[PDB]
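As structure tokens, one chain now follows by itself in the form deposited in one PDB entry.
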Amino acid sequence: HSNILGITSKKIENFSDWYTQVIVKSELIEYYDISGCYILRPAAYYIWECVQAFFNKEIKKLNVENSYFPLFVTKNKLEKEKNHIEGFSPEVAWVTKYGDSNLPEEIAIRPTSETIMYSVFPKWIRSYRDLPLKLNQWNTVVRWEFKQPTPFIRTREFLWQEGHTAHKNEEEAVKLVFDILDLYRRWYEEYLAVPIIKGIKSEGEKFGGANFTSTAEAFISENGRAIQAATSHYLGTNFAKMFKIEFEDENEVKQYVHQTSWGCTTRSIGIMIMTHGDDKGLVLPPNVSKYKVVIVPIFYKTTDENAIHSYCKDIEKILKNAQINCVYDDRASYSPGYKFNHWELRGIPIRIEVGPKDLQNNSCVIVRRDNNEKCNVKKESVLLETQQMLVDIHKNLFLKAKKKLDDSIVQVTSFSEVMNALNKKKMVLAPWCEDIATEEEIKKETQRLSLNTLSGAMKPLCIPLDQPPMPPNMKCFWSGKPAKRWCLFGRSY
């Protein structure tokens, strides 16, 4: 990796290389011997801890309790269900030995914990007094996917949380499915300044055993690829029937539980980086940056040295007293411009420059990372203006990313309008009959039309919860049948 000090690929001209440079030169990640596995350095894992604390706070209000189930799973429990999502079998890593000894029975590594947890649920669930059962895990899962691996986005091994619940009836379960989905929206908006779109995945793309799969969909405008930001399934009684999870209800009749399972991944970090990063490097919402402010001294005269270091330490004291973490870069070995690029690259939201002009005027210079706008601030008002500026940066990052998302969403009706939008790097909202047979024809056929890596087919992303009005005689864009609902389409990571 060359030119460690700066980003030499513009986000638009070469988005792929720009992303690799940002995550490495900002010290978020490091690559690894094993393809698809990545080292989350402290800067990246700080982001994970912030969203982890937030999500834990909110799911505790729903009485979800954390837990930990084994990393390994027997070939019996896992492969016991070929009616659920058994498309993980080609991706399931198998341990076959310890040392030079071979295992008697092979054991797999969890791609997800549905079979591990739900094999014990019948023991914990005997009557309606035992429901609802609400569990969550903060763990690591493994999926061996031949598809091109992308840091944070499609990885062989990723940290996540997987919640699983079971309920007395349908109404209780589905309300939790969407309550979690809104927590995912806050996960992205409040802490990552990333807008998403709530929807319902088509029958073709839904989770294996799910009744339906709700999703939060993000979009990378620069390369026109949607990403499944987070997921919340209503499994209904499907999984309850497979694993014989039954309960005596209030009227002595035995019933199947209604289950959910929801998960969000370090993929949120990748989406955040792609949404806000620019050619100077990493851009962070203040809520996920360890250092909210960096104080850079700027002078040349040896006489000013003593006065300036004290003035900067005054600012460091004001901020840290107000619980605003910050770094005072007083390294004399590096030029002021080196410090500028170094901390812009690391994504520090705010830079406070202090120079001789500042001492006499009793002020400072404050520079927003998102737009590089500078302003003079009297020393007394530094604390308040810094607080309001961290808020304004977050408000600005979200609204800019929302403008880019909406500019990428185009509403069309005909097949030809759809392809023009598709090859212009847009996410297309079109009327669709939702017949499942049309999903594979649409994907396979659009790929043959998009002449000139990642999959080039146009999948159905999600059917938005927010439905624009459907005209009376509107026809599906592909089949010509009467159209049921508007659906989002596009290429995907």
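Each form is matched to the other, and the largest set of C-alpha atoms that superpose within 1.5 Å is called the rigid core. Position 1 is the first residue in the sequence shown; the rest follow in order.
One more form of this protein exists, namely the form deposited in another entry; it is left out here, but the text below deals with it.
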{"query": "Mobile residue between this form and the one not shown, C-alpha criterion 2 Å or more, rigid core, from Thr303, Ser381, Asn372, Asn376", "finding": "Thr303"}
{"query": "Large Cα shift (2 Å or above) at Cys50 between this form and the one not shown, core-fitted", "finding": "no"}
{"query": "Yes/no, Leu62 Cα shift of 2 Å or more between this form and the one not shown with rigid core fixed", "finding": "no"}
{"query": "Rigid core superposition, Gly36 Cα moves 2 angstroms or more between this form and the one not shown", "finding": "yes"}
{"query": "Inter-Cα distance between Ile34 and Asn14 in the other form, nearer or further [3 Å or more]", "finding": "closer"}
